[PDB]
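Geometric and topological summary
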There are 2 protein chains.
Amino acid sequence: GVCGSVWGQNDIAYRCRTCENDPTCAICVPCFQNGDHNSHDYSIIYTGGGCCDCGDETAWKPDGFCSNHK
Amino acid sequence: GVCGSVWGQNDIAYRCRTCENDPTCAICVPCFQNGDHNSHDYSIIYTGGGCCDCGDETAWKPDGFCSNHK
Ligand SMILES: [Zn+2]
Ligand SMILES: [Zn+2]
Ligand SMILES: [Zn+2]
Ligand SMILES: [Zn+2]
Ligand SMILES: [Zn+2]
Ligand SMILES: [Zn+2]
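Scoring rules and cut-offs
Residues numbered from 1 in each chain as written, not as in the entry; some residues may be left out. Chains lettered and ligands numbered in written order. Heavy atoms only, no water. Contact = heavy atoms within 4.5 Å. Buried area = accessible area lost by both parts, 1.4 Å probe. Salt bridge = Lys/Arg side-chain N within 4 Å of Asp/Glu carboxyl O. Polar contact = N/O pair within 3.5 Å; in protein donor to acceptor, adjacent residues only side chain to side chain. Nonpolar A, V, L, I, M, F, W, Y, C, P; charged D, E, K, R; others polar. Donors = N, O, S within 2.8 Å, 3.2 Å for Na, K, Ca; no water. Tetrahedral: all angles 85-135°; square planar, octahedral: opposite > 155°, others 65-115°. Helix = DSSP H or I, 4+ residues; strand = E, 2+ residues; numbered from the N terminus. Buried < 20%, exposed > 50% of the residue type's maximum accessible area, 1.4 Å probe, protein only. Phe/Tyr/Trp six-rings, centres within 6.5 Å; stacked < 30°, edge-to-face > 60°. Least-squares fit on C-alpha atoms. Core = buried A, V, L, I, M, F, W, Y, C linked by side-chain atoms within 4.5 Å.

In the PDB archive, X-ray crystallography is given as the structure determination method for this entry, at a resolution of 2.396 Å.

**Some words on the interface of chain B and chain A**
Opposite the 17 residues of chain B that make contact, chain A presents 17 residues. Of the roughly 1200 Å² buried between chain B and chain A, counting both surfaces, carbon and sulfur atoms make up 54%. Summed over the three residues of chain B that lose the most area to chain A, namely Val2, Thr24 and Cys51 of chain B, the buried surface amounts to 38% of that side. For the interface between chain B and chain A, the tally reads zero salt bridges. Where chain B meets chain A, there are two residue pairs in polar contact. Considered class by class, the residues forming the side of chain B that touches chain A number six nonpolar, eight polar and three charged.

**A few points about the coordination of the zinc ion (ligand 5)**
Each pair of donors in an ideal octahedron of six around a metal sits at 90 or 180 degrees, and each pair in an ideal tetrahedron of four sits at 109.5 degrees. Residues and elements named next belong to chain B. Protein ligation of the zinc ion (ligand 5) involves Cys31 (SG), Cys54 (SG), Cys66 (SG) and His69 (ND1), the donor distances falling in the range 2.0 to 2.5 Å. Each of the four donor atoms bound to the zinc ion (ligand 5) contributes to angles spanning 95 to 124 degrees, and the resulting shape is tetrahedral. In this structure, the zinc ion (ligand 5) lies 4.4 Å from the zinc ion (ligand 4), and both are coordinated by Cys31. Taken together, the positions of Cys31 in helix α1 (residues 29–33) and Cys66 in the segment after β4 (50–51) put the pair 35 residues apart, joining distant regions of the chain.

**Some words on the coordination of the zinc ion (ligand 2)**
All names here are of chain A. Listed as protein donors to the zinc ion (ligand 2) are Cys31 (SG), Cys54 (SG), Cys66 (SG) and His69 (ND1); their distances from the metal cover 2.0 to 2.5 Å. The motif formed by the donor residues of the zinc ion (ligand 2), counted along the single chain, is C-x22-C-x11-C-x2-H. In this structure, the zinc ion (ligand 2) lies 4.4 Å from the zinc ion (ligand 1), and both are coordinated by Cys31. Using a relative accessible area of 2% as the deciding quantity, one classes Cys66 as buried.

**Details of the packing of aromatic side chains**
Residues and elements named next belong to chain B. In this structure the tally under the stated criterion is six aromatic pairs over all chains. Consider the rings of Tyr14 and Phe32, whose centres lie 3.6 Å apart with planes at 5 degrees: the pair is stacked. Here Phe32 lies in helix α1 and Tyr14 lies in strand β2 (residues 13–16), a separation of 18 residues in the sequence. As far as burial versus exposure is concerned, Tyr14 and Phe32 are alike and both buried.

**A look at the relation of the copies chain B and chain A**
Turning chain B through 180 degrees and shifting it by 0.0 Å along the axis lays it on chain A, with an RMSD of 0.0 Å. What the superposition gives is, in effect, a two-fold axis relating one chain to the other. Relative to the rotation axis, the C-alpha of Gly4 of chain B is the closest in chain B, positioned 2.6 Å from it. Comparing interface residues between copies, 100% of those in chain B also lie at the interface in chain A; the contact surface is shared.

**Digging into the pattern of salt bridges**
One side chain can pair with another of opposite charge once the charged atoms of both are near each other. All names here are of chain A. Under the criterion given, the structure shown has six salt bridges over all chains. Among the salt bridges present, the one from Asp41 reaches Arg17, with a minimum N-O distance of 3.8 Å. One end of the pair, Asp41, is in the loop between α1 (29–33) and β3 (42–45); the other, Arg17, is in the loop between β2 (13–16) and α1, with 24 residues separating them in the sequence.

**Structural notes on the nonpolar core**
Membership of the largest hydrophobic core comes to 20 residues, with the highest contact counts inside it found for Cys3, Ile27, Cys31, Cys52, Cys54 and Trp60 of chain A. Elements supplying a minimum of two residues to this core: β2 and α1 of chain A. If we skip the residues at most four places from it in the chain, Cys3 of chain A touches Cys28, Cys31, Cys52, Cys54 and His69 of chain A together with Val6 of chain B. Counting 19 residues, the second-largest nonpolar core is a separate cluster that includes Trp7, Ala13, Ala26 and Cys28 of chain B.

Dropping the structure here:
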């Protein structure tokens, strides 16, 4: 299932335009590192805060899920 | 900041088409009840799981935030 780690106003996370369902979706750094995005169009971003969409297939492509949320 | 409560495969949450940035965004039930959506086009939904977007203005309209995440 879904990770939902929360980052805050100034914390970084990962946007991955290849896996994302929508430009608003992001995942935490550990999820990103524990997955395979090797040729994806990803970027470090500062949203003003959010909760990790890893494990949520409406928001993110399953092959973009980390090991711990398959 | 952002709530990020996680619901699971069969758990309910709230979609609110008036506050939502995108059809993929949802918030947990307590956030929804602790906010004002009185004439909004909202529905109970079963995503297969997600994390609550309440408190995240890229995902959800601030006037749609609950008391505890303003
Ligand atoms: Zn995560
Ligand atoms: Zn993950
Ligand atoms: Zn990716
Ligand atoms: Zn919530
Ligand atoms: Zn809330
Ligand atoms: Zn609403």
